[PDB]
Amino acid sequence: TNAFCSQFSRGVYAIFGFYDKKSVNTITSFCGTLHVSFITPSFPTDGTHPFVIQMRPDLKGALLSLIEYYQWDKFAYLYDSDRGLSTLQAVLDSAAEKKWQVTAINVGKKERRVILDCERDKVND
Amino acid sequence: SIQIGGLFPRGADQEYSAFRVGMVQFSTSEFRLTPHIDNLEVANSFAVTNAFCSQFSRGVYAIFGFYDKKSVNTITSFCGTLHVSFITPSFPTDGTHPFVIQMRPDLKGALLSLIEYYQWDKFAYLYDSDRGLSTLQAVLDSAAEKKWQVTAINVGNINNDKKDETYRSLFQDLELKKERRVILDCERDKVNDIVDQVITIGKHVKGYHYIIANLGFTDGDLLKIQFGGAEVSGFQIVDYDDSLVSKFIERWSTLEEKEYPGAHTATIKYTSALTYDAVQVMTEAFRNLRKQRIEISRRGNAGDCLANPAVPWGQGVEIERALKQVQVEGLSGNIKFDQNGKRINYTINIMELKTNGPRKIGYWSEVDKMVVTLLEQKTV
Amino acid sequence: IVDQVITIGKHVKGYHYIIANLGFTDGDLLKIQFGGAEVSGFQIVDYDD
Ligand SMILES: *[C@@H]1O[C@H](CO)[C@@H](O)[C@H](O)[C@H]1NC(C)=O
């Protein structure tokens, strides 16, 4: 908030930057309010929020199509709560239609198929 | 005079009414609580920030209010930074964040204990993302650990204008998987919608079991699904059998509707009761501060909330602890807080819906888990 | 009666109800519309005229 207000007070025409799941609402709200465009490599906003340019493309469709490609029915989905649950909720909503059995584990049954969904460092760990 | 800021969402009439009633009941000659009320859209981070900065610039000693999942991070961050204690009836924060006093007890443990009580290994979890996903993570971890079959579906994203079509569709999905057991962890209106659709399609008959996961079970409308034959279980944090709650209701049911909106009824939503209890907690907190001869009085103006660098006032911590050491008896039963602002040593009544109306079959203690409370045809 | 039928769940497929009154569309038909039961009635007011 302080950084945004500082950059705004300076009179910038645009703001490039990053946000977390705890700071995303501040960015989207303030940028939607002051008509100041925000550019970000971070995760796409969940919604239609304006004045936010997300460089990162959506991963939901490719992931679901990949799961359907390998013909997976039962698998385990590891997820980081520090990063977010959006894709998890997506595959959970898609689980009924595609007949999936998902075992969700938060990393923040003879299971041989695992989805990681984490930071590159956490993935490396 | 002790200046405090109130933050109320647009449309919470009964909560603000219970706030005023709580102000009248707990008023004293020792000191006088002076609320500054801000009615706003609680889901708006900008409005919440502006209101917070306003109350802070005014120099309030404490802030009571509500928050959504979109504005909660702002509250926790600003309160943790500027050391301004926040009091709330809303959902418990996911974490240990400081300067946040949550009146709402944790519902996850009671929910899990209820799931284990009916011995469910396979069910459906319908949930709203507006409060938090922590409970979802809980039932998922318990689904994995206890080897269950849970179908979690998010109904939060669906638009209300075209909603009945997707409802019919989702129920077609639930009739596909032969799902007869459903848990609603949703907003009361969302719960009403889902219930209405269940009734419409006829899944409210015998063989179906619904668990309404909210603090109040009797706060919503139970009459329409009462004679259906389906088992309906829920939770109740406000026990109307207590003499305190009995008297409070005796006065609450007679209150003027013109002056106090939604305050003429025999029942009260748990949020409003938690508001009342919150007023009580604040009163006791400042009373204890005055009893300990600890001076919290502001020397000068609090200044701008965005002042760089941000230096927190010193007595804020004193106020925070003063709020967290309070142990009293309210509408929500025993009110006692741990150091993180969470409710401890509370009791959540487990309710079942019968033909003669809702009935308590037991209760869930904070440490004791779930404990139960202890026309036939002829045989030839 | 409709509310009670819906409540107990007799508004599903296999049931047929005949409303004997001049207006069929005068009341709320939405609640028994998605039940699956066949519902027949009478209409003296033709809105197509
Ligand atoms: C809860 O607090 C009450 C007093 O308010 C006390 O008598 C009781 O022993 C406590 N129980 C537990 C389980 O902590």
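Compute the semi-axes of the equivalent ellipsoid of chain C, taking the square root of 5 times each eigenvalue of the Cα gyration tensor, and list them largest first in whole Å.
Values: eigenvalues 97, 20, 18 Å².
Result for chain C: semi-axes of 22, 10, 10 Å.
Taking Cβ-Cβ under 4.7 Å as the only way to count a partner, pick out the unpartnered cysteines of the protein assembly as shown.
A:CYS5, A:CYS31, A:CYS118, B:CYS79, B:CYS186, each lacking another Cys Cβ under 4.7 Å.
Taking each residue of B:195-202 in turn, how many C-beta atoms of other protein chains fall within 10 Å of its C-beta, and what is the average? Mind showing how you got there, number by number?
Numbers: counts 0, 1, 1, 0, 7, 8, 7, 13.
Partner-chain Cβ atoms within 10 Å, mean over residues of B:195-202: 5.
Any idea which of B:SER134, B:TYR210, B:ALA47 is furthest toward the positive side of the dipole for chain B, if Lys and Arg beta-carbons carry +1 and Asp and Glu beta-carbons -1?
The residue sitting most towards the positive pole is B:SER134.
Kindly provide the helix-only [θ] at 222 nm of chain A, computed as the sum of -39,500 (n - 2.57) over DSSP H runs of four or more divided by all residues, to the nearest 500 deg cm²/dmol?
Working: 5 runs with 47 residues, N = 125.
One gets -11000 deg cm²/dmol as the mean residue ellipticity at 222 nm.
Give, rounded to the nearest 20 debye, the magnitude of the charge dipole that segment A:30-81 has about its Cα centre when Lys and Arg contribute +1 at Cβ and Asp and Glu contribute -1 at Cβ. The partial results should precede the final answer.
Working: 3 positive and 5 negative charges, 21 e Å.
In debye, rounded to 20, segment A:30-81 gives about 100.
Explain nothing, just the number: relative contact order of segment B:71-124, from Cα pairs under 8 Å at least 6 residues apart, as a whole percent. Mind dumping the intermediate values first?
Working: 45 pairs, mean separation 14.8, N = 54.
Computed value for segment B:71-124: 27 percent relative contact order.
For segment B:233-380, treating each Cα as an identical point scatterer without solvent, what Debye log10 I(q)/I(0) comes out at q = 0.16, 0.18 1/Å?
Listed by q, the Debye log ratios stand at -1.02, -1.14.
Given a Förster distance of 60 angstrom, what is the FRET efficiency for B:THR81 paired with C:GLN33, based on the Cβ-Cβ distance and rounded to 0.05? Don't skip to the end; give the middle numbers.
Numbers: r = 55 Å, r/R0 = 0.91.
Given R0 = 60 Å and the Cβ-Cβ separation, E is 0.65.
Can you put B:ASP106, C:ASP3, B:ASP189 in order of Cβ neighbours within 10 angstrom, beginning with the fewest? Can you show the working numbers first?
Values: B:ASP106 19, C:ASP3 14, B:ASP189 11.
Listing B:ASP106, C:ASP3, B:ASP189 from fewest to most nearby Cβ atoms yields B:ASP189, C:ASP3, B:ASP106.
So if each residue of separation counts as 0.36 nm, and I subtract the Cα-Cα distance between B:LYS354 and B:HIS264, what length gain in nm does that give? Can you show the working numbers first?
Details: separation 90, 0.36 × 90 = 32.40 nm, distance 2.58 nm.
Result: 29.8 nm gained on full extension.
For a label point 7 Å from the Cα of B:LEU244 along Cα→C-beta, name the residues of segment B:1-38 whose backbone N is under 19 Å from it.
Correct set: B:18-28.
Where in segment B:253-290 are there GluC sites (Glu not before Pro) that are in a DSSP coil and have at most 12 other Cβ atoms within 10 angstrom of their Cβ?
Working: sites: B:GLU256, B:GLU257, B:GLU259, B:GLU284; in loops: B:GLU256, B:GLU257, B:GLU259.
Of the GluC sites (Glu not before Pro), the ones in loops of segment B:253-290 whose Cβ has at most 12 other Cβ atoms within 10 Å are B:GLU256, B:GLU257, B:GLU259.
Among the listed pairs B:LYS224/C:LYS31; B:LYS203/C:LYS13; B:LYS122/B:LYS178; B:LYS190/B:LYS342; A:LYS74/A:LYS99, give every one whose C-alpha distance is greater than 18 Å.
Values: B:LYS224/C:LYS31 13 Å; B:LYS203/C:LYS13 13 Å; B:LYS122/B:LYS178 10 Å; B:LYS190/B:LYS342 26 Å; A:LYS74/A:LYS99 9 Å.
Where the Cα-Cα span goes over 18 Å, the pairs concerned are B:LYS190/B:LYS342.
Counting pairwise Cα distances across segment B:280-351, what percent come out greater than 14 angstrom? Don't skip to the end; give the middle numbers.
Numbers: 1725 of 2556 pairs.
Above the 14 Å cut-off, segment B:280-351 has 67 percent of its Cα pairs.
Got a sec? How would C:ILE18, B:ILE319, B:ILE237 order by Cβ neighbour count within 10 Å, fewest to most?
Values: C:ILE18 9, B:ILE319 22, B:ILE237 25.
With the fewest neighbours first, C:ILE18, B:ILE319, B:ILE237 line up as C:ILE18, B:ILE319, B:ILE237.
How many percent of all Cα-Cα pairs in segment B:68-170 sit more than 18 Å apart?
On the way: 3087 of 5253 pairs.
Summing the P(r) tail past 18 Å for segment B:68-170 gives 59 percent.
When the convex hull of the Cα atoms of the protein assembly as shown is projected onto a plane and the area is averaged over all directions, what value comes out in nm²? Present the calculation step by step, with values, prior to reporting the outcome.
Values: hull surface 141.8 nm².
If I average the Cα hull's projected area over directions, I get 35.4 nm².
With point charges of +1 on the Cβ of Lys and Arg and -1 on the Cβ of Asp and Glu, referenced to the Cα centre of chain B, which listed residue (B:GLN119, B:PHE19, B:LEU7) lies farthest in the positive direction of the dipole?
B:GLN119
Please arrange A:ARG56, B:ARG293, B:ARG168 by how many other C-beta atoms lie within 10 Å of their C-beta, fewest to most. Numbers along the way, then the final one.
Working: A:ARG56 10, B:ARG293 6, B:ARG168 14.
If I rank by nearby Cβ atoms, fewest first, I get B:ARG293, A:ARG56, B:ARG168.
For segment B:27-80, what D do you get in µm² per second when you plug the Kirkwood radius from alpha-carbon pairs into Stokes-Einstein at 4 °C and 1.567 mPa s? Please report the intermediate quantities before stating the final value.
Details: Rh = 12.1 Å.
After rounding, the answer is 107 µm²/s.
Could you name the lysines whose alpha carbon sits less than 21 Å from that of B:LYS336, not counting residues in the same chain fewer than 8 places away?
B:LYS108, B:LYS269, B:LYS291, B:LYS324, B:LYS369
Return the whole-Å distance between the Cα centroid of segment B:157-194 and the Cα centroid of segment B:271-330.
Each part's Cα centre sits 42 Å from the other's.
What distance in nm separates the simple spin-label points at B:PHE227 and A:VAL114, each placed 7 Å from Cα in the Cβ direction?
5.6 nm
Just how large is the dipole of the protein assembly as shown about the Cα centre, in debye to the nearest 20, putting +1 at every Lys and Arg Cβ and -1 at every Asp and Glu Cβ?
Working: 62 positive and 68 negative charges, 295 e Å.
Roughly 1420 debye, rounded to the nearest 20.
Distance between Cα centroids, segment B:1-38 to segment B:74-111: provide it in whole Å.
Each part's Cα centre sits 19 Å from the other's.
With only alpha-carbon atoms in the gyration tensor, what are the semi-axes of the equivalent ellipsoid for segment B:145-268, in Å, largest first?
Values: eigenvalues 205, 62, 36 Å².
Equivalent-ellipsoid dimensions as semi-axes: 32, 18, 13 Å.
Which value, to two decimals, describes the C-alpha radius of gyration of chain A once divided by 2.2 N^0.38 Å? Before the final figure, lay out the partial values.
Details: Rg = 17.8 Å, N = 125, 2.2 N^0.38 = 13.8 Å.
Working it through for chain A, the quotient is 1.29.
All of the numbers you see were taken from the coordinates with simple rules; none came from a lab. Methodologically, a virtual Cβ is constructed for each residue, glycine included, from the backbone with ideal geometry; neighbour enumeration extends over all protein chains shown.
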